[PDB]
Amino acid sequence: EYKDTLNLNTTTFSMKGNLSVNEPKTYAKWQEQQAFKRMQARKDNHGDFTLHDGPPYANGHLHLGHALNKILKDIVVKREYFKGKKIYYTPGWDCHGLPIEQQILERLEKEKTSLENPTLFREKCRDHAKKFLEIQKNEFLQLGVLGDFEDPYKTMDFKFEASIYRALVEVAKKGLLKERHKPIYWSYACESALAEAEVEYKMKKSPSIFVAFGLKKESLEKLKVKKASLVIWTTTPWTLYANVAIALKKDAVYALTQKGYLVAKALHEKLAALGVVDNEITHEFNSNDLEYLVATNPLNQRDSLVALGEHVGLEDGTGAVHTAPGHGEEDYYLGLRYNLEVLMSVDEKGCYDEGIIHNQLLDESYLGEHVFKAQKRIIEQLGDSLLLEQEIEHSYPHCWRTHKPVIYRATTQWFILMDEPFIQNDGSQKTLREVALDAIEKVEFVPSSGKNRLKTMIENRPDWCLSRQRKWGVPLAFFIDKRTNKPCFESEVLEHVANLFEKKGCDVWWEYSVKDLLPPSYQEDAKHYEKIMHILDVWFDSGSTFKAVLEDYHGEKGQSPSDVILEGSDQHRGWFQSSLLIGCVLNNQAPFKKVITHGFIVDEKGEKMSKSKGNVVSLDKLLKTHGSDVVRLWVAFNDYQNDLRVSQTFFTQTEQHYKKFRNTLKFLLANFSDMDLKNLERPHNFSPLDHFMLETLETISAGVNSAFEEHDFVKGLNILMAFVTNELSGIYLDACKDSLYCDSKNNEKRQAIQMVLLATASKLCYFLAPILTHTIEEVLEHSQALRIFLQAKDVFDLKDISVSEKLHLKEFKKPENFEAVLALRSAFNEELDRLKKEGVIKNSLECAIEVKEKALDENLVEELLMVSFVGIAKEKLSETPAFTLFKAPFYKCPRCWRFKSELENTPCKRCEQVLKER
Ligand SMILES: CC(C)[C@H](N)C(=O)O
Ligand SMILES: [Zn+2]
């Protein structure tokens, strides 16, 4: 056998990734060697790119959605680095808020204990955030991501707390921070007000009742009827105690039935079909003539004013709306328009308090009962006034961290106003809603559809309630002047508190006296001031990160506005919106130039993962099973703008993609491993097939790059994979295998092939480096030729090379046109496939071909079809309009296995000379 006389063509680069063992070593080296700092220090940086990290909550281990997020950020950041830019990417953690505090409260409950000291309670929350920040940081690094993880930002840093407070101060000084009294979301489980981002709408079952309020005797006399009762529909019997009015649609017809029920005429047919009221209408009245009549509450016998409500709907209900100003925002405004009582006797824990006794609103037995528990007994107490009881299902607001349904309570809270004109930085006058809508139009959204998701929210959102009644967060640290009952926004007071926060953190707001928290020129008047003890919405904390990270560090951690932020599409309701709003107050523009969103990680069926459903796949399990480079390729090679399903089949497909990339890289490294590096300095004469491959490589490289610039990594990876599978493996490597293994190492044509393979390996490395960074690091570690060719110590020295310059190509060389010869190749292979079926031949090398069209390079035909002979032979096998196939009129060469030998078992002329070489 002559196998030992072939070129060895091997590389130390292994076919097996052994990713579970090798990736941790790579990532630990990048940490020890400070690779990100090295990236930022790269001397030839040209241009800047800032990605501003949206901070995860510092609670719990990372979930799969965190990995998706940081991997996508890493690909985007690494692309910009390898394009040559100085990168800014400081990851951060969201350390305050119910996401941390609720965990402490649940632990205290489970341990059967309490912690009432505010400093010690906050210390427990702060230690909890410190613990999981370190856990999450190290779990991020296990993904192979690069950023300033050894100097991340933290909302609990004292300087950061001061930054958040200084952001709040800017909002106050521009006149947008005001107190309001009105019903808002109230979570009784954590005894706190909430705003929209802290509410999760879920389906919930509820009573649904139709209740008769009888008109008082004097109102019946005014209306000239013997019996009349307005029927209301409500899903909240627990607010009936607080009824003050029944609101009707203005200028609308109301039908009185024979049994004496008064409902909107437009709803009578539906209501009679339900059995709420009887079918016979006796009289019709205009609601304008019913206004200021009075009815009687059947629950507590109190008066109820018949009023006219703006936008009373006739789609559902009865057209008569039970109005409780203490527990509904539109009810509140109507009560004020009619100067009615605001009845609100539900405490911070959602229980009826002594106000139901003092005001005669509800029987004393209900004192202390939770409003939701009391509803069944309230419904029974309604007696004959209850015309119909149903149970319905509806989407209902729940607290984001306690998961309990919220209620609504009239309360005094602090708000950022949306429709209050304020002075713009350029001197003009606009409302916050107007500025934010203008700002959104200047932001690039990827996908574009995200723009209108955020725009619709800004169009419809109410004033933003900022004040919370928990302890773990930044306080709304203003004083109330008792002489004025107004807050003190004097700059000397606010800057004094801000400076204290920067040096000592916000604990002092609880510990110091009012006098110790005031400037020395105010301390004799300290008796007139009281502290506001509410803390800020944690969404204000995170909406302020642009100011605390980008602006307060003066560009050292990135520019404001950032170039890119990248988060789940659920951040339209969260971080995108709060950052937009705060940036529009401070700067009158969004603090980001571009928003890229991704979907959720879901299970095999497309459902969200939760321990309740038992479908959770841990990040640790996924990484140990597949390796991080496979998980990273799974992300990049899929439609990450939508939900990504975790299933064995999809990860097996990704592993097959990774194997094809890795096997291709291994073949390349193996087949230029023996090349004399003196080749790199001299020009080469490339064949037409060589040139076709170089020109194809340039064409697909432009396509991969354009797709990756759009963040369409699927499109670019499909282009790359098709090139690797078809032109590279299917055509070029197949055609080149004979020369690579059987030609002399000194053969000039073989050396030119190796140069093409080096150029191809180089482009594969550049384009895969952002995604498969560990693997390309390993490629360079095993190929001295690649490192010298690219002038690269390691993966962080990669640049986009000019193949033309490195291979000394001539500028006006006319591109190859292989359309005719590739059409012949495809037709030959189909004919060859048929002959292999019949058993006529086993291989293309056994064949000779005579091509009808003599306008084709015959060496190229032989190369591309891998026949052993182009021309006429003696034993005809088949004929087409395009060619005739014969058995090759030679023996198989024992060394190269081509049918080119004149004598049996004797090396062909090429092999003979290679074997004799001195
Ligand atoms: C600010 C935002 C990213 C928030 N901490 C979250 O994890 O949803
Ligand atoms: Zn041979």
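Per the deposited record, the coordinates in this entry were obtained by X-ray crystallography to a resolution of 1.95 Å.

## Section: the sheet that holds strand β32 (residues 869-870)
Spatially, four strands are ordered β32-β31-β34-β33 in an open sheet, and the strand pairing comes out mixed. Two strands bound the open sheet, and with one partner strand each, they are β32 and β33 (876-879). Pairing geometry for strand β31 (residues 847-851) and strand β34 (residues 883-887), over five bridges, is antiparallel. The residue bridging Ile-849 from the neighbouring strand is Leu-885, located in β34.

## Looking at the site of ligand 1
Taken together, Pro-55, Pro-56, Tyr-57, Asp-94, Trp-539, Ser-542, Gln-571 and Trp-575 make up the full set of residues near ligand 1. Between a nitrogen atom of ligand 1 and a side-chain N or O atom of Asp-94, the distance comes to 2.9 Å. A breakdown of the residues in the shell around ligand 1 according to their chemical character gives five nonpolar, two polar and one charged.

## Some remarks on the nonpolar core
Counting 222 residues, the largest nonpolar core has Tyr-165 and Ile-849 as its most contacted members. With sequence-adjacent residues up to four places away left out, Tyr-165 is seen in contact with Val-474, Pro-475, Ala-477, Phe-478, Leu-494, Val-497, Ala-498 and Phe-501. In this structure, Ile-232, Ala-252, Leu-271 and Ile-407 belong to the second largest nonpolar core, which totals 72 residues.

## Things to note about the coordination of the zinc ion (ligand 2)
Surrounding the zinc ion (ligand 2) are the protein donor atoms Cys-893 (SG), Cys-896 (SG), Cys-908 (SG) and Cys-911 (SG), at 2.3 Å. Its four donor atoms give the zinc ion (ligand 2) angles of 104 to 117° at the centre, a pattern that matches the tetrahedral case. Linear spacing of the donor residues for the zinc ion (ligand 2) on their chain is C-x2-C-x11-C-x2-C. Overall, the relative accessible area of 2% leaves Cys-908 in the buried class. By relative accessible area, which is 0% here, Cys-911 ends up buried.

## Looking at the domain arrangement of the protein
Frequently, the measure chosen for interface size is the accessible area removed from exposure when the parts meet. Partitioning the protein into domains gives domain 1 (3-13 + 644-806), domain 2 (34-176 + 417-471 + 541-598), domain 3 (196-409) and domain 4 (819-916). Distance from the C-alpha centre of domain 1 to the C-alpha centre of domain 4: 28 Å. Contacts between the two partners involve 14 residues from domain 1, matched on the other side by 13 residues from domain 4. Across the domain 1 to domain 4 interface the summed buried area is about 1,100 Å²; carbon plus sulfur atoms make up 58%.

## Considering the sheet that holds strand β27 (residues 565-568)
Pairing within the open sheet is parallel, and its three strands lie in the order β20-β28-β27. Strands at the two margins of the open sheet, each flanked by one partner only, are β20 (444-446) and β27. Looking at each pair of strands side by side, their axes are set apart by 20° on average, direction ignored. Here β20 pairs with strand β28 (residues 594-598) via three bridges, running parallel. When the bridges of β28 are listed, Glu-444 appears paired with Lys-594. In the packing of helix α18 (residues 575-586) onto the sheet, the strands contacted are β27 and β28, and the crossing angle to β27 comes to about 140°.

Calculation notes
- Residues carry numbers counted from 1 along their chain as the sequence is written. These may differ from the entry numbering, and residues without coordinates are not shown.
- Numbering of ligands from 1 and lettering of chains from A proceed in the order in which they are written.
- Hydrogens are left out, water is left out, and the side-chain values use all remaining heavy atoms of the structure.
- Residues with missing side-chain atoms are left out of burial classes, side-chain pairs and their counts.
- In short, DSSP must find at least two bridges between two strands for them to pair.
- Runs of H or I in DSSP of at least four residues are treated as helices and runs of E of at least two as strands, each being numbered from the N terminus.
- Residues are labelled near a given molecule or strand when at least one of their non-hydrogen atoms is within 4 Å of it.
- Polar contacts here mean pairs of N or O atoms no more than 3.5 Å apart (in protein, one a potential hydrogen donor and the other a potential acceptor; neighbouring residues in sequence count only if both atoms are side-chain atoms).
- Basically, the charged four are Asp, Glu, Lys and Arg, the nonpolar ten are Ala, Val, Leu, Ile, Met, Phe, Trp, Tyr, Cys and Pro, and anything else, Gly included, counts as polar.
- The term nonpolar core refers to a set of buried residues drawn from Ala, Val, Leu, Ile, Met, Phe, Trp, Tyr and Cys, joined through side-chain atoms within 4.5 Å.
- A 1.4 Å probe rolled over the protein chains alone gives each residue an accessible area, and that area as a share of the maximum for its type sets the label: buried under 20%, exposed over 50%, partly exposed in between.
- Contacts were defined at the residue level, with two residues in contact if any of their heavy atoms lie within 4.5 Å.
- Metal coordination here is assigned from N, O and S atoms located within 2.8 Å of the ion, or within 3.2 Å for Na, K and Ca; omission of water means that sites may look incomplete.
- For four-coordinate sites, all angles between 85 and 135 degrees define a tetrahedron; for four- and six-coordinate sites, opposite donors beyond 155 degrees with the remaining angles between 65 and 115 define square planar and octahedral shapes respectively, and all other cases count as irregular.
- What marks off one domain from the next here is an automatic or database domain assignment.
- When two parts are put together, the accessible area they lose, computed with a 1.4 Å probe and summed over both, is reported as buried area.
- In this description, a line fitted to the C-alpha atoms serves as the axis of each element, helices being fitted only across the stretch in contact, and the angle between N-to-C directions of two axes falls anywhere from 0 to 180 degrees.

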